[PDB]
Structures are given as C-alpha cells and as structure tokens.
C-alpha cells in the first residue's frame, strides 16, 4: 500500500496552499498529516481526516473525499514552509506518503542549469567510472533527479545531495552515478534527468564522445 | 505537552548490533501503543515497528523483519528496539512515537514524537580522495565559455578545500557541497567557467587539500 504526494508545492505568501495525498480506498481510512521543519521532529497537524490538534493554527484544515486526503493552508505564511507527510494505516502496517516540500515564495521561481560530466579516461584506467550531474541556480529548492542507462532507468549506484542555499539565495545540488567501466562502455549513452516545478532538463553523455 | 526521549544511537559497523531505548514522561506509558519510525538523511519517514501496551500485538516493516526486535518494560516506562545485522541502509534518525488513538476504531496517529536518535552504520575510516579531471565542455554553460572541473571522490572525514590556480582564479568558480554516500565516504565536485578561447593557452589546476588524511593533489585539467 502506498500514498502518493506531490514532491513539492509552492505558494505566494497569503495564498492558499493545497497538498494532496492519494491512496486506494483512502476514503475508508483515517488520514493524518505531519509537519516537519529542518532539523526537527515531525508534529501532527491533522488527524482523523479533519481534526486539528490544539495549538495548531486555524488556517490548517484537512479533508478526505474522492479517495484523496488534502491538507489546506489558507493565508500561508513564511513559518509554514516545511515538509508535510500524510499517513494512513493498512492492515496494521503504517504507511507514509513520500513527503511534500512546501515553499512559501520569497522571490520568483528560477529554473536550474544542469551540467553533466562523463567519467574521465583517468578514472576508467583506475577500473572505476563516475558520472557527475551538477544542478545550480534553482528556486524553490526542490528537484527530482533520475538517471537513464540508454533510455532505461538506473536501478542502483545513484547518490544525490539535498539542495543547499547558494549566496544568491537560489539552490544547488549534485548527483553522482557510479558504474563499472564495462557498464559505461556497453551503453550508447547515460542521461541525467532533472525535474523542477513540472519542467524537465535532460543532459546526455556517451562513451563514443 | 508530553515527551518521549530516545537514547542509544551512535556509530556501528556493518553487521553490528545496537539497542535503542525510549523513556516517556507526562503520560502513563503502560496505557498506550508505542511505535518506532526512522528517517534517513534527506529522505522520508518510514515506520519500523509497533507494540501494544500488553506486548501481545507486535508488527514490523518488511525492511527490518528478522533483524529488529521491539519490546517494552511498562514498569520502567521504557520502549526498546534491538537492532541486529545492521546495514548501511539502516542509517537514519530513529524516533519513538506514541499512538494515542482508538485501536478498536482503527483510528491511529502519532503524538508526540521523540527528538530522535541518530544511528550511523558505517565502517568508513580516514581516507584521502581520488581526484579526477572533468574535461572542459561548452554545452551547458556557454556564450563564449566552457565549464571544467575536478571530481574529489571518496574521502573521509570532512572537510576538503578546493582552489583553482593557487587561488588566482576565483570568478566563475562553483564548488558544490559534498555528498555523503551509502559507503559512508564523501565526494564533491568543483567547476569553473572560463573563456573557451583560453582552453588552448591557459593551464587550469585544481588545488585539493584534505588535511585529515594529510593529502594534497594539484590536478591539471586538460581539454580532450
């Protein structure tokens, strides 16, 4: 059993943010919502679909209809920037959604620049191979990075950083794919795919230069 | 309003064992089901295990079955998690969480959560980096310029510093924060954007310093 959440939602200050969470027959289950700010423990903000704990501001509300649970934040404020997780029980197993990063926009959105480097001939001579995908100047600070072997997904060997804030208040991240030399040479190409706010940039490198 | 306080986290080698505990205050520990949840760095929440107050109903996530054991001592207000055959994948912050819901109505939720305790499963020791050149390209950062760089691979512990041409090249330099890999080793990259016409005339050298391993590398980055 899975619950699917958008990886990121962004809202201007004062606008209504809506975070959705879909699950099979989720209307039969009680949905809960948790807020987690950087470096802190989660805190319940909605439980039993719609109930708000005492001390949670009234602009937070929950609903569960059409088999999607929705966390709604009206008049969203800077302090509401956080990760939000939905949660439901499926036969004694506790299931969390993947999490939604809510950004309260303090500046206009910025698209990422992506640079992809193939393994160096030196590293290949050392019987190793690393591809390097560098992602810079994006805002909000949330991206999805996916690697492709030819046109197929990569199943192992990816290491991706959490985005970090640059001097200019945009974000940067990097992703690394470790391969064997035989894997590098036996594919026509590898690709780094970066998705940001619903747009995708894909860079591709090949062993045959 | 009420609190859970976990302890026992720390550094353990792959295949090692560790026991976590959690102490409750402000509520009657023996009245509630208790849960463990973990969160790997930069990742999402993953439920680990649950136990009723009576210890007669106990459930585990598949990812930990056969290796972890949940237990509780009501008289000591303590929840425990015995963790055996630990793997790098088990590296995470581990949270204690109370379920104050109604089991009969299958109406559950987690409140409160503890502050969490960090478990690091790693056999990394001091290691100097391998430094590899990232040969120039003008396909992504151009307009008369080319990006080149150095890959600083598989070092431990932090930090590493990188400069270019002994520090005389500073504009256009972007050194990226290191990734902590599942191997427990760090890697980082530094790139500089330079005029593409200089690629033939100007030597570019990244100066890498890793004081913890007493390693320095000056790597020339030549065009292909």
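Residue numbers (the deposited numbering), protein chains in the order written: chain L, 2 to 9, 11 to 211; chain H, 1 to 52, 52A, 53 to 82, 82A to 82C, 83 to 100, 100A to 100F, 101 to 214.
Where a beta carbon is used, it is the ideal one built from N, C-alpha and C, also for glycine.
query: Classification of residue 39(H) by the beta-carbon crowding that lies within 10 angstroms, buried from 16 upward; result: buried
query: Every unbroken beta strand (DSSP E) within the stretch 121 to 160 of chain L, with a cutoff of 3 residues, ordered by chain; result: 131 to 140 and 146 to 151
query: Three-state class that DSSP yields for residue 122(H) in the structure shown; result: strand
query: Sequence-distant residues of the same chain with beta carbon closer than 7 Å to residue 156(H), five excluded per side; result: 197
query: Distance CB(residue 132(H))-CB(residue 186(H)) smaller than 9 Å; result: yes
query: Residues near residue 47(L) in its chain [Cβ-Cβ closer than 6 Å; skip 5 each side]; result: 35, 37, 58 and 62
query: Helix, strand or coil at residue 67(H) according to DSSP, with G and I counted as helix; result: strand
query: Which of helix, strand or coil DSSP assigns to residue 107(L); result: coil
query: Any non-hydrogen atom of the ligand GDP within 8 Å of residue 39(L) CB; result: This structure does not include the ligand GDP; it has no bound ligands of any sort.
query: Coil, strand or helix - residue 114(H) by DSSP; result: coil
query: Reference residue 179(L), options 202(L), 155(L) and 199(L), closest by Cα; result: 155(L)
query: Check whether residue 173(L) and residue 142(L) have beta carbons under 9 Å apart; result: yes
query: Classification of residue 19(L) by the beta-carbon crowding that lies within 10 angstroms, buried from 16 upward; result: buried
query: Sequence-distant residues of the same chain with beta carbon closer than 6 Å to residue 119(L), five excluded per side; result: 134
query: Nearest-angstrom Cα separation, counted from residue 15(H) out to residue 207(L); result: 38 Å
query: Simplified DSSP state of residue 186(L), which is helix, strand or coil; result: helix
query: Residue 176(H) burial status per 10 Å Cβ neighbour count (16 or more: buried); result: buried
query: Nearest residue (CA-CA) to residue 82B(H), options 171(H), 103(H), 18(H) and 140(H); result: 18(H)
query: Listed by chain order, chain L residues near residue 241(H) by CB distance under 8 Å; result: For residue 241(H) there is no data in the structure shown, the boundaries of chain H being 1 and 214.
query: Listed by chain order, chain L residues near residue 125(H) by CB distance under 9 Å; result: 119, 120, 122 and 123
query: Given residue 28(H) as reference, the closest of 64(H), 84(H), 73(H) and 48(H) once Cα atoms are compared; result: 73(H)
query: Contact under 9 Å by Cβ, residue 20(H) with residue 7(H); result: yes
query: Contacts around residue 99(L), its chain only, beta-carbon distance under 6 Å, and the 5 residues preceding and following it disregarded; result: 4, 6, 23, 87 and 88
query: Chain-ordered neighbours of residue 173(L) on chain H, where CB pairs are closer than 8 Å; result: Residues of chain H passing the Cβ test: none, with the nearest at roughly 11 Å.
query: Residues within the stretch 48 to 81 of chain L neighbouring chain H, beta-carbon criterion of under 8 Å; result: 49, 50 and 55
query: Helix, strand or coil at residue 146(H) [DSSP, three-state]; result: strand
query: Closest residue to residue 211(H) among 2(H), 199(H) and 195(H) (Cα-Cα distance); result: 195(H)
query: First and last residue of the uninterrupted beta strand (DSSP E) at residue 38(L); result: 34 to 38
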